[PDB]
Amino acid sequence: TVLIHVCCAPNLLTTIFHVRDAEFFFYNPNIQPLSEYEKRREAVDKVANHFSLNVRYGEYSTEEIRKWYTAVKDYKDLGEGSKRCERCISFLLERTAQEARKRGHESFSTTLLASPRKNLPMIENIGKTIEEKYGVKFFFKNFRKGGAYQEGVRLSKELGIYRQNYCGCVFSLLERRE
């Protein structure tokens, strides 16, 4: 059994190709503003209601976002294996392992492994650290593969799933605008 963190609906659509019997965990205080949080949570909720997935929605609140912030407020650098995005992702998966340890699941994972390739090493390193600290096994698979990716793209266009074009945080939204 496994608890899977959900980053976004596109990546959930890819992940269910490979693993459909998970409890899913949408927890993303890294997202600003709230209107973008809600639009993405409603994407996922659309996917879950259509495929009858078990999704649990974590906390989003002026507190939670603030724990996130100061947790990454020291760093000014973006990208895989940047310190900031390592503390970020580590914040999210820490909460997912916490929830999985509380609920008794044996393993945790994340739809972040449905993301481009080049991100897998950083996410695997974080997962293993977290595993060590909380005693929930980190499950690693490249979810893009075996056609899952273009399946999940197929359904994204058929179902009108919102596909975001920035990471989530205000830093990356400045980044996209450049």
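Counting begins at 1, following the sequence as shown.
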property: 147-155 or 40-48, whichever carries the higher mean Cα B-factor; result: 147-155
property: Segment of higher mean CA temperature factor, 135-143 or 60-68; result: 60-68
property: Largest Cα B-factor, entry values, listed residues 95, 87, 105, 73; result: 73
property: Modelled-residue ranking by C-alpha temperature factor, third containing residue 169; result: middle
